[PDB]
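Heads up: the structure comes next, in C-alpha cells.
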There are 2 protein chains.
Amino acid sequence: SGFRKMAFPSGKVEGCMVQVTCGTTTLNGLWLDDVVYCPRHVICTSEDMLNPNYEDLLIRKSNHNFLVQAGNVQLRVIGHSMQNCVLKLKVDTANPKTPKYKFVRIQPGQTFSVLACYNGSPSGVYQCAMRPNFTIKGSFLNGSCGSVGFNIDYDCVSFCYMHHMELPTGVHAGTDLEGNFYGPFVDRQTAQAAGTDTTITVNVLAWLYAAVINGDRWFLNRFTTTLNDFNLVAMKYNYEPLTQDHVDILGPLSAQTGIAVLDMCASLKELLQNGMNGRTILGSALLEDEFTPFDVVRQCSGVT
Amino acid sequence: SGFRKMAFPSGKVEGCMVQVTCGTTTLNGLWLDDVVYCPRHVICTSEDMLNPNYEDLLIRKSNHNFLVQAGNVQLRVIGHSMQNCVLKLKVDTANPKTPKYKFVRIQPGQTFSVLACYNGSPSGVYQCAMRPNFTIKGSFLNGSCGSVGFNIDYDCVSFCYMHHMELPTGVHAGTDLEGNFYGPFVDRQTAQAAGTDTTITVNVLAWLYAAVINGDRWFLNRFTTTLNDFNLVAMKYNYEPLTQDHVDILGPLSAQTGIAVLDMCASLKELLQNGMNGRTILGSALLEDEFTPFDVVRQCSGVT
Ligand SMILES: O=C(Cc1cccc(Cl)c1)Nc1cncc2ccccc12
Ligand SMILES: O=C(Cc1cccc(Cl)c1)Nc1cncc2ccccc12
C-alpha cells in the first residue's frame with residue numbers, strides 16, 4: 001500500500017553522464033556507445049544567446065574545442081555534428097557503462113523520470129509528465145542543460161528528453177534525443193509562448209483508480225455519466241477531452257477495482273464541480289495528473 | 001526554477017541489492033563489502049509471523065539455507081548472525097560495487113530516498129520523511145522487505161532505513177541498519193499502535209522559503225509573530241512546536257530571501273488559520289512537510 005511519485009532507478013543513466021565544455025560554457029552530455037549527445041547551445045556565449053546563428057558558431061569549433069570528461073577520465077573527440085538542436089560528439093571510446101537503450105519521442109501526457117545533473121554529476125531524480133502544451137514543470141538550475149528524461153523497461157532505457165531551456169515563466173523546454181524540440185520552442189533567449197495547457201484527464205482517472213486500490217474511497221458516488229456529458233465538464237474545467245482510446249487504456253484499472261470507467265468519470269465530474277471539500281486523496285489536496293494508467297498498474301501490482 | 005520531490009540518484013544503492021531466500025520466503029538484501037543485510041523475518045513462514053521466536057527459528061537454519069543471488073551470480077554464505085531485527089550473512093566475496101557508506105540512525109522529521117526493490121531488483125525511487133511518530137508513508141508491496149532508505153553526501157551513502165513491515169493502517173515500519181526498529185514496532189503480524197503523528201513545522205517553513213525562492217509569494221503577509229504565539233497555533237493544528245534550534249537551521253533560507261523566520265511563521269500561522277483559499281503553493285494544495293531546510297538549499301542552490 002501507499003502511492004508515491006516514483007521515479008525509475010537512475011543507475012543506468014548515471015553511468016552515461018559526462019561534462020561537456022566548449023569555450024566558457026559547460027553543460028551535461030549523454031555518452032552512449034562512442035557518441036556524446038548534448039544541447040547545441042554549449043557552443044554559445046551569453047552574447048550569442050539572443051539569436052544564435054548555430055551553423056556559423058559551430059564552424060568556428062574543431063573537435064579539440066569540445067572537452068568531454070567522464071568523472072575524471074577525459075574523452076578524445078574525433079568528430080562533431082549538429083542534428084537539429086543537439087550536438088553529437090564522436091569519441092574514440094565506447095562507454096563501457098552503456099545500457100541497452102532506445103531514443104523515443106514521447107507523447108504529451110506521458111510521464112518520465114529526470115536525472116538532474118550539473119557538471120556531468122547527477123544531483124537528483126524525479127518523475128514528471130510532458131504537459132499537453134509540451135513543457136515540463138521540472139526542477140532545474142543553470143548548468144542543468146543536457147540532463148535527460150527517460151523510462152526503463154526491464155533492462156532497456158528509452159531516452160525521451162534532453163533539457164535545454166527554462167522559459168521566463170519558470171517552466172522547462174527541451175528536445176527528443178534527435179534534437180527536435182517538444183512544442184514550438186526554439187533555443188534562443190526570447191520570451192516564447194507555451195500553449196494553453198490542460199489537465200491530463202486519463203491520468204487523473206488513473207490516479208483515482210490508484211486511490212481506490214489504496215483505500216481512499218470517499219469520492220466514489222452513486223452516479224454515472226457518458227463520454228459526452230463528461231466532456232462538457234472537461235471543457236469547462238480545462239481538462240483534456242476523454243476518448244474511447246483513453247477508456248480502453250483504463251480497462252485494466254477498471255477490471256481491478258470493478259469500477260466502470262464512466263462511473264469513475266462521474267466521480268471526477270463531482271470532484272471538478274464541488275472541489276475536495278477540505279479532504280485529501282493519496283495525500284494530495286488537488287487532482288493529480290502525473291501518473292499514467294501504466295504507472296498506476298506498475299506501482300500497484302509490481303514490476304522490476 | 002521549479003521545485004520537485006527529488007530523490008538522490010539511486011545507482012550507488014542499486015549496485016548493492018541482492019535477493020535473499022530462506023525456505024519459501026524471498027526478500028531483498030543489502031550487500032556491502034562481504035556482508036549481506038536483510039530483515040530477520042526472511043526465516044519465517046506465514047504460520048510463524050503471529051509471534052515468531054526468532055532465536056529458535058534461526059537455530060534451525062544453516063549457512064547453506066540462505067540463498068543469496070546478485071542478479072545472476074550466486075553468493076556463497078560462510079556465516080550468519082542476527083543483530084536485533086536484521087540478519088547479517090557473511091559471504092565469501094566482497095561486493096565490487098560497494099560504495100563508500102555509513103550506517104546512520106536518522107531523526108524523526110529528517111528525509112531520505114527509498115529504492116523500492118522486489119526479488120533483489122530495483123523497481124523505483126522516491127523521497128519521503130521519517131514521520132514524527134517513526135512511521136514512513138512509503139509505497140511498498142509484498143516482497144519489498146529489505147528495500148533501503150538512504151541519503152548521499154557526494155560519494156558517501158548513509159543508509160538509514162531497511163523496510164520491514166506494513167501496518168494494518170497502510171503505513172510502513174522498519175529499522176536502522178543495525179536492526180533496531182524506528183518507533184515502538186515489533187516484527188510480528190499484530191495490530192500495533194503508531195503514535196499520534198504531527199506535521200514537521202520546520203520543514204513546512206523550509207518549503208515556504210522554497211516557494212518564495214521559486215516565485216510563489218501570495219501567502220506572504222504584513223505580520224510577524226513570536227515563538228510563543230506561533231506555538232499556540234502549532235498546538236491547535238497538530239504541528240511540531242518550533243524551537244530556536246529550528247529557527248537556527250532556517251537561518252540560511254532566511255538570509256537568502258531576507259524574510260525573518262518569525263515573519264515566515266506569521267505567514268504559516270495565517271495559512272493554518274485560514275487555509276489555502278483554493279490557491280496552490282509549488283503545485284500543492286496543502287502544506288508540505290517532506291523537505292528539510294537542507295533539502296531546500298540543496299535543490300535551490302545546487303549540490304552533486
Ligand atoms: O535556459 C537556460 C540557458 C538557455 C538560455 C536560452 C536558450 C537556451 Cl536553449 C538555453 N538554462 C537553464 C535551464 N534550466 C534551468 C535554469 C535555471 C536558471 C538559469 C538557467 C537555466
Ligand atoms: O508486512 C510485510 C510482511 C510482514 C508481516 C508482519 C511482520 C513483518 Cl516484520 C513483516 N510485508 C509488506 C511490506 N510492505 C508492504 C506490503 C504490502 C502488502 C503486503 C505485505 C507488505
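Just follow the structure's listing: the first ligand is 1, and inside any ligand the first atom is 1. Numbered from 1 within each chain, the chains take letters A, B, ... in sequence-line order.
- Residue-environment remark: CZ (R105(A)) exceeds the threshold of 12 foreign heavy atoms within 6.0 Å.
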Please lay out, stage by stage, how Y161(A) and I106(A) fare under the test side chain to side chain contact (heavy atoms under 4.5 Å, CB included). CA-CA 8 Å; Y161(A) 179 81; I106(A) 53 164; 5.9 Å; no

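- Side-chain contact between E178(A) and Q83(A) is present, with heavy atoms from C-beta onward closer than 4.5 Å.
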Are there any protein N or O atoms under 3.5 Å from the N or O atoms of ligand 1? List them with distances, or say none.
residue: ligand 1; atom: 1 (O); partner: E166(A); partner atom: N; Å: 3.1
residue: ligand 1; atom: 14 (N); partner: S144(A); partner atom: OG; Å: 3.4
residue: ligand 1; atom: 14 (N); partner: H163(A); partner atom: NE2; Å: 2.9

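- Using modelled atom types, one finds a donor on one side chain and an acceptor on the other under 3.5 Å when comparing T190(B) with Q192(B).
- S121(B) and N119(B) share no side-chain donor-acceptor pair at under 3.5 Å.
- Under the side-chain hydrogen bond (donor to acceptor under 3.5 Å, both in side chains) rule, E290(B) has a single partner from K5(B), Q127(B), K137(B), which is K5(B).
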